[PDB]
Every structure is written in structure tokens, then in C-alpha cells.
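Shown next, in C-alpha cells, is the structure this report addresses.
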Number of protein chains: 2
Amino acid sequence: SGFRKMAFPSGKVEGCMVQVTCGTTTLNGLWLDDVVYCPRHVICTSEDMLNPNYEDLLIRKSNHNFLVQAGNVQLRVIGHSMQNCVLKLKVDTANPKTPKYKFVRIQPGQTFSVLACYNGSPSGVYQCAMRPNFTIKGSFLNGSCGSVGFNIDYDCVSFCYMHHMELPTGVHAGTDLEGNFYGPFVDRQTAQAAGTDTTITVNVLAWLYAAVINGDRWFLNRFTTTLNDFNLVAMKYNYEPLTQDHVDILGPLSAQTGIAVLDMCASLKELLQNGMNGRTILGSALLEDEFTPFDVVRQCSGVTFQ
Amino acid sequence: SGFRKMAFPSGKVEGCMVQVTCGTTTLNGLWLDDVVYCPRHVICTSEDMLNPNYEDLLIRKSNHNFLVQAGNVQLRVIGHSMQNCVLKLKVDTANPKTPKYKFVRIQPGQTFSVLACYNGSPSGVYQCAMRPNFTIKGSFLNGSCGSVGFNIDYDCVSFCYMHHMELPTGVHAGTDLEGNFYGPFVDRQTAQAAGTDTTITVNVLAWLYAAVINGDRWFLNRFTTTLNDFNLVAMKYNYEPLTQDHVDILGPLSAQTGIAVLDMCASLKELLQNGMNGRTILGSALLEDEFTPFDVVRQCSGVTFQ
Ligand SMILES: *[C@H](O)[C@H](CC(C)C)NC(=O)[C@H](CC(C)C)NC(=O)[C@H](CC(C)C)NC(=O)OCc1ccccc1
Ligand SMILES: *[C@H](O)[C@H](CC(C)C)NC(=O)[C@H](CC(C)C)NC(=O)[C@H](CC(C)C)NC(=O)OCc1ccccc1
């Protein structure tokens, strides 16, 4: 038993991380088959980050202007092109450690692991959620750009995020691997702000189920609610509306625990209206919303990879 | 910026995990050079675990009683021995993926990453601290024994923990990689309980420094405390004593932020006595104690590994 904010094992991704340098800027790239993907702002110059003309900056580059290294091994760039906010650097060697992979664009409320890297070297791994406002709350310093977010299933790595920027509230923005930003953000240092950060209701409910599985039952009560009456309370606390689809995907946890979805909703309603009265749930004094229902089932059932 | 509970990248350790089966008991082993290390209770049956005599149980064992699998491949066991509470299974193949490594003994308050595994395969990675009562709060199911905890440093993997057991609060206990338990526990199913948990004061202070570094300053106050008077408060809230050696260890964070260590102690005293008054620190409503001073410096400075 026990329930922790767990990341995917990172070894498949660590074998794809490379260092890309242009001019004096070094950031990270992702090496899959014979292409390295990296944020296009590696070509920016520091006096021209307000509105860079990426088109102009890129067509003036030659392949040798991009220095790519995997570990201490130089990779030779033999082509370069732009796709949205990422560059695709064609290299002369297919990465022999390429896992089975796909590029996925995730939905708000979904979770993934971030392999935070600097100078092409992994430094740490953690679990994040795509917030409803299409930012993430990560841990990223200068030089972390090009670090990726990913899920695994069986032996297939679904890459879903590449890191590009930090917004003033200390929150992070980036693209999918097609190079399109999540949310309305752009890769230039013009003033930009995140929208409303709402709480992911279906994930809070999943985590309440995880709590019951792991022996925390004090919030369970004798009440129920309709979905309508729950959502009326939820909106007042800046929680996203629960839908029938959400109720459906909570089905398996409800069955395993014997607690009906709308009874758990009644427990959550009471927690929202009354707080925890000095108690904790799975070591937290806040209602935790960065576990999906599938994350709970994976961890509580010991699902493994390859 | 940002601050997250970050684990070490797990790939170097993933390459070492194998499955070990004896009879119908299956758990994980650590394959380093030509040795597989695993908990000795793998030789216990369904009824042996109440109060096993491991010398007696090994009378009944030969090499082919240990089925070791690395991925799909059967390793052949050519010797076995008992060392403290682990078995060393000598196999006829050296692990080609053996990293540079060492075995270390950690002390309470120190942190490490756990790669939770089942059947020799990785389920996920998370960061833990060795509690003052020599347990960890992990996420472990039946079959997780033999999963290891580790730190990474420069190029070297420092293994510090191997998982053996769960105590009834959902607390976890295990050994170092020499097979000696952390804490006063034994590998048998006789009633045992850890000492009451206390809070790792030096780590809470480190995490308050992380908060200041990342822009959270609302808890800084104009008050002063002495080490003695602060410890009077710590004892009342079941915090570990803060020593002058701890004060020295916090020196670099104090210098970086301009906040004297005992001034941060005055901030923590007020938090303990009055709570957070509806505010949060680094996204938490409780005082976090599983980041060491070194963890804070390393995350706020972007230290990487290969
Ligand atoms: C890439 O390694 C680095 C990582 C960050 C976590 C710092 N990203 C950048 O440097 C990025 C490059 C630009 C060209 C996309 N810049 C930012 O992320 C920038 C950081 C601040 C501190 C300047 N954020 C930004 O420009 O947000 C837009 C903005 C501008 C002005 C006011 C508010 C918001
Ligand atoms: C190893 O895979 C498995 C992992 C746990 C997470 C289940 N560990 C064991 O099965 C281990 C083997 C024994 C011989 C060391 N047993 C325990 O950890 C046991 C599990 C409970 C659920 C029975 N815990 C235990 O025996 O704690 C001591 C104890 C006994 C009786 C009352 C209180 C405490």
C-alpha cells in the first residue's frame, strides 16, 4: 500500500536526449530515428527576442551551425527545417535507442512525466498535469528548454510535451511534438498571461478513491448528491464541471471500492464546504488533482512497462 | 523556476532489475556484474514467514531452486549465499548494463529515489526520505520486494535501500544493499511497529529557503529566536531537534537568500504556532520535510547526470 506522485520510468527517454547548440545558446533536443527535434528559439539572438523573425533567422543557417551531441558523441546535421515552433534537424545516424513511440497532443486534465534536462543530460523526473488553462506547474531553469513530457504504455512512449517558456506566475508553457503550443502562447518575450486555473474535479475524485484503497476513509459520509447539485457547488469553488463521461471513467474505481460515484461526490462536496478540520488525505492538506483515474488504477495495481 | 518533488532519472537502475522466483514466491533482484542481490525471504513459503529460521531454510535449497529472469532471458544461477538479510545469487553472465555504482548507508532525514518494480519490470519512480523512525512512506504492493532506492552523483549510482516489508500503518521498511535493516526491524511476520514519526526540521527549513528562492516570501517576519527557544517549540510539535550542525548545513542557503538561519527558525516557529492563515507554500498547505538542503541547492541550480 501507499500512494505517491509517481513518474514513469525514464530510461527509454533518457536514451533520446541530446544537446543542441546554436551560436551561444545550448538547449535540449529529442533524437528519434534520424531526426532531432528542438525548440526553434535556439536560433534567437538575445537582443531580438521580443519579435524574432524565425523564418529569416533559420534560412540563413547552414547545417553546421547546429552542433548536436549525444553524450559526448557529435552527431552530424544533414538537414534542417522548421515545423511550427520546433526545428527538425535531420542527422546522419538513426538513434539505435529509439523506442517505439508516438506523438500525442494531450487534453487538459491529463498527466505525464517530465524528464528535466540541461545540456542534453537528464537531471530529474517528475509527474505533471496539463492544467485547464494549458500551462503546467513544472520545475524548469534556464537551459531546460527542449526537455520533454511523456507517457508510457506497454513498450510505447507517447511524447506529448516539449518545454519552451516560463510565464510570470512561475508556470510553464510548451508545445506538442508537432511544434504547436498548448494554449494561446507564442515563443517570443511579449507579455502573455495564463487564464483561469481551475481544479480538475474528476482527478480529485480519483484521488479520493486512491485514499480509500489505501485506508483513508474518514471523509466518507452518509450522503449522496445528484450530479446537477454537485456541479452547482463545484462551480462556486472554481472546480471544472463534472460530466457523464467523467462519471463513466470513475466507474472502475467506484466498483473496486464499493463507493458509488455520486456518494464520493457527496464526500467531496462536504470537503469543499467544510474543509478537512485539521485532518489529511494521503499526506496532503489540499485536495489533490494531478492523478487521473487511470493513474490511480495503474499505481494501485502495480502496472509495469516492457 | 518552480519546485517539484523530483526523482533521479531511473534508466541506469532499470537496466539492473531482474525477477527472482523461489517456489511460488516471486520478487525483484538487483543484477550487478555477475551477482543478483535480493531479499532472503524469497526462500520463505506461505507458512514459513511467521518466524523463519533462514539457516534451516537454506539447508533445503540448491542453485536451481532460484529461477532468475532478466527480461525474457533465464539467467543460470551457479552459486548462492546469504549475507545479513539478502541473498547473493552468483550467475554465469555479467550484466552488460551494470552502471558505475556504490553501496551506501544513509541516515535519517536523507532522501533517495525508489524505482518500484514487479516481476523485474519497472512500474514507476518517486522520491522518498528515510524518516527519523527508519521507515519510508513509499508505494509498494505484494511482489515489490527487492525494489531499490538510490541517488545519482556525477556518473555513479549510489544504491542505499532495498525493500523488504510493510508495517501496518502502510509504512515501509528495508535494508541497505549489504542486507542490514534500517531501524529495529526483522524480516519476519511477527508484530513490530516503528517509533512514532517526527518531522525532519532541517529539511523543513531547507524547503522554506526553496520557497523564498522561488518567490514565496509571505512567511518572513521580523522576529528572532535562539536555537534553544526554537527547539522548545519543535519538541511540542514533534519536530526533530535542530542542532548547530544543522545550522551549519543550512549556511549556504542562508547566504544565498540573505535570511539568517535563526530568522528562518523564527518564521517556522510562527507557522507552527499559527498555521498558514489560508496561504500555501510552494503549492502545499503543510510543512514539507522530504527535501534536504542539498536537494534544494541541486534543484534550484540545475545539476545533471550524464
Ligand atoms: C528556455 O530554456 C528558457 C526556459 C525558461 C524556463 C526560462 N525559456 C526562455 O528563455 C524563453 C525564450 C523565449 C524566446 C520563448 N523565454 C521565457 O520563457 C521568458 C522568461 C522570462 C523570465 C523573460 N518568458 C516570457 O517571455 O513570457 C512572456 C512574457 C514576457 C513579458 C512579460 C510577461 C510574460
Ligand atoms: C515483499 O514483496 C512484500 C511487500 C509488502 C509491501 C507486501 N513483503 C512481504 O511479504 C514481507 C515478507 C516477510 C517475511 C518479511 N511481509 C510483510 O511485509 C508483512 C506484510 C503484511 C501485510 C503481512 N508485514 C509484516 O509482517 O509486518 C510485521 C507485522 C506482523 C504482524 C503485525 C504487525 C506487524
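Letters go in sequence order (proteins before strands), and every chain restarts at 1. Atoms within each ligand, like the ligands themselves, are counted from 1 in listed order.
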Classify the side-chain pair [X]/[Y] by whether it contains a donor and acceptor separated by less than 3.5 Å.
X         : Y         : value
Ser123(A) : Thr304(B) : no
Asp187(A) : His164(A) : no
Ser139(A) : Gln299(B) : yes
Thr111(A) : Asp295(A) : yes
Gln127(B) : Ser113(B) : yes

Query raised in the report: Protein heavy atoms: any of them under 4.0 Å from atom 22 (C) of ligand 2?
Result: no
So which heavy atom in the protein is nearest [atom], and how far is it from that ligand atom?
atom                    : result
atom 16 (N) of ligand 2 : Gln189(B) OE1, 2.8 Å
atom 32 (C) of ligand 2 : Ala191(B) CA, 3.7 Å
atom 33 (C) of ligand 1 : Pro168(A) CG, 3.3 Å

Query raised in the report: At a 4.0 Å cut-off, with the gap strictly under it, does some heavy atom of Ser144(B) reach an atom of ligand 2?
Result: yes
Query raised in the report: Would you say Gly143(B) and ligand 2 have an N/O pair spaced under 3.5 Å apart?
Result: yes
Query raised in the report: Do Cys145(B) and ligand 2 have an N or O pair less than 3.5 Å apart?
Result: yes
Requested in this report: Could you label the plane-to-plane angle of the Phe140(A) and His172(A) rings as parallel, tilted or perpendicular, counting under 30° as parallel and over 60° as perpendicular?
Outcome: perpendicular
Requested in this report: Examine the proximity of ligand 1 to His41(A) and report which part, side chain or backbone, both or neither, has a heavy atom under 4.0 Å away.
Outcome: side chain
Query raised in the report: For ligand 2, which atoms, with element, lie under 4.0 Å from some heavy atom of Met165(B)?
Result: 17 (C), 18 (O), 25 (C), 27 (O)
Query raised in the report: Under a 4.5 Å cut-off applied to non-hydrogen side-chain atoms, are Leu87(B) and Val42(B) in contact?
Result: yes
Query raised in the report: For atom 9 (C) of ligand 2, which candidate among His164(B), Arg188(B), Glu166(B) holds the nearest heavy atom?
Result: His164(B)
Query raised in the report: Would you say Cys44(A) touches ligand 1, if touching means a heavy atom closer than 4.0 Å?
Result: no
Report task. Work out whether the distance between some heavy atom of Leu27(A) and some atom of ligand 1 is less than 4.0 Å. Result -> no
Query raised in the report: Knowing that exactly one of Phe103(A), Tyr161(A), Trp31(A) qualifies, which makes a ring pair (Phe, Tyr, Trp, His ring centres under 6.0 Å) with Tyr37(A)?
Result: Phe103(A)
Report summary line: At under 4.0 Å between heavy atoms, what of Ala193(B) touches ligand 2? The answer is neither
